[PDB]
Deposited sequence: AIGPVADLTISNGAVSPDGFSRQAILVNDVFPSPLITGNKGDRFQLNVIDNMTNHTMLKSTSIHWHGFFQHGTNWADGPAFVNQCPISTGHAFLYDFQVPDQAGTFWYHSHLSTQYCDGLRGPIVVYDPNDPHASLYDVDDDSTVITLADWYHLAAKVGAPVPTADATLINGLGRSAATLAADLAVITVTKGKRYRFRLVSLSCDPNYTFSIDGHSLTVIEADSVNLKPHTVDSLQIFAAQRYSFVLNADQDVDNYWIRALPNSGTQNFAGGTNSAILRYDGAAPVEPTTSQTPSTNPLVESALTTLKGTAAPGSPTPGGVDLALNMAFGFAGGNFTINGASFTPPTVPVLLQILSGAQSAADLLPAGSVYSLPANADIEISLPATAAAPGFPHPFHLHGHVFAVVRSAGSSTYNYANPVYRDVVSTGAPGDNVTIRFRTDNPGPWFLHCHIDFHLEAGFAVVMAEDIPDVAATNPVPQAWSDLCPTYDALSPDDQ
């Protein structure tokens, strides 16, 4: 309902999404963060005005626009100390970028420390006037956006380092163990109408097993990539993933439970926890519908792109220009990738390159940056392992969509017609989730676990793609150049 040109004023305030009051982060004075929309190929101009006064949740901020390639605008990607210095409080900063060739469901979130868990996170929809699936549904609007999110009664820097959620929020509303009377979200449908629901995980940690009582879900989009329609009776959605599904409201007029079962914390539905309501003329009361066992769950390896696009490269292991393997580990309270743990450098990686850094060995942090050649095929394997606790780890690559040639829970490789997405579960020990992309987007791009508490503990690397062309391809506005001198002048209590 706002965008693609809009102010986003960030501030602190009290919120009670699950009937429990706590300080949090507001965007345009609301929680949860408001929906942003625009059309395929639009210019987005999002002026982030930072008015936060709470140091415990960080006064500074930085917003990542999740899913957007940001070609030519790497300075706008969001990750703190990779792509920019944070916006300092009392200041504003204009994100100004274009989305050529992209349409689907996205989201925006703080990409500073674990700040987005404290409430700076909202959905984005990029509509396609010529959406190949337009004819599959009648309704696609603000009312068909469904968000899932974990919620904590103690703030990110106040609770335990890897906390347990007190509530699942659906559209920013949910119940906790001790607030069984808190208002539930209601999604309204009219009988006989078909709905494009856009489901987005704003989660800081858990994945949700999502289903709707009595209804099947026709999945048509994954992480902004159009699919061949695939009908399931449930799906598992990892932090930061998006699915569009078509729901045919063809059941009896009634109330039906919408269910989102987390993989940790409260793993039931007692008292309407982990739930929202699908309401057709039906009475304004809770559903009393029953969960049927899932017999046709979403299986990632059975998803394919609408076009049937082959994976980049030739159909054999290591059949690409560069193949990398990321060996996960954990030691000293810190995650490692190939022995190195990510620590935010004081000079953002993008500025280091603009400043004359020529190679990965030059780039800080040492051991955490990988140089990638321009205009090439890349293959990255992310073998899951017990040495990295809190699996399954959903990994996200910035600036790119990738082919998932091998999915979690599958022993097979698909090079011919694999799903493409931008967040992938690396699964359980024994898995070897394997991705391929093309280096068509010069810049440093974060590659990290989207469990935010893991990223904070260093579960991340930086892909420095086509270093020689970074500066020329990504001219920076003066307001971006001013970020670091402003931030570095702040005393630590104001950060």
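Undergrad: Enumerate the deposited-sequence segments absent from the coordinates, judged by C-alpha atoms, in order of position.
TA: Seq positions lacking coordinates: 281, a single run.
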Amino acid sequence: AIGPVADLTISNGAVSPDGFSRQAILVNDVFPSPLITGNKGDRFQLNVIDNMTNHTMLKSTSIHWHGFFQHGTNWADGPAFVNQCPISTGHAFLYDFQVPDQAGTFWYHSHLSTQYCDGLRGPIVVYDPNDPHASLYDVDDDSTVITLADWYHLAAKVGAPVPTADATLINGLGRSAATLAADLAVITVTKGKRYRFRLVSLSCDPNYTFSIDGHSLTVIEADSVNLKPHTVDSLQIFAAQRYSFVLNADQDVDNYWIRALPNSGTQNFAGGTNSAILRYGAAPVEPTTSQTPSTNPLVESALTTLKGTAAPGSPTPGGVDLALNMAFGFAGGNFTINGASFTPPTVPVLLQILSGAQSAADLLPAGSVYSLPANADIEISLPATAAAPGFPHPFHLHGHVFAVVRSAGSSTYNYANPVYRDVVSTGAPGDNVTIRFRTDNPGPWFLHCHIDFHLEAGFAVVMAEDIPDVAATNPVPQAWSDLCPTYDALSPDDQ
From here on, numbers count along this sequence of modelled residues.
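Undergrad: Between 462-470 and 445-453, name whichever shows the higher mean Cα B factor according to the PDB entry.
TA: Result of the comparison: 445-453.
Undergrad: Higher average CA B factor in the deposited record is what I'm after, so tell me if that's 227-235 or 153-161.
TA: Per the deposited B-factors, the answer is 153-161.
Undergrad: What's the residue among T336, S425, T147, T218 with the greatest CA temperature factor in the PDB record?
TA: Highest C-alpha B-factor among the listed options: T336.
Undergrad: Looking at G72, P86, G399, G192, which one carries the largest C-alpha B-factor according to the PDB entry?
TA: Highest C-alpha B-factor among the listed residues goes to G192.
Undergrad: When the deposited Cα B-factors of this chain's modelled residues are ordered and cut into thirds, is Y108 in the lowest, the middle or the highest one?
TA: Tercile = lowest for this residue's CA B-factor.
Undergrad: With respect to C-alpha B-factor, does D252 fall in the lowest, middle or highest third of the chain as deposited?
TA: Top third by C-alpha B-factor.
Undergrad: Check where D29 lands among this chain's C-alpha B-factors and tell me if it's the lowest, middle or highest third.
TA: It falls in the top third of the chain.
Undergrad: What third of the chain does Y208 rank in for C-alpha temperature factor, lowest, middle or highest?
TA: As the PDB entry reports it, the C-alpha B-factor of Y208 lands in the middle third of its chain.
Undergrad: For the chain shown, is the CA B-factor of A360 in the lowest, middle or highest third of its modelled residues?
TA: Tercile = highest for this residue's CA B-factor.
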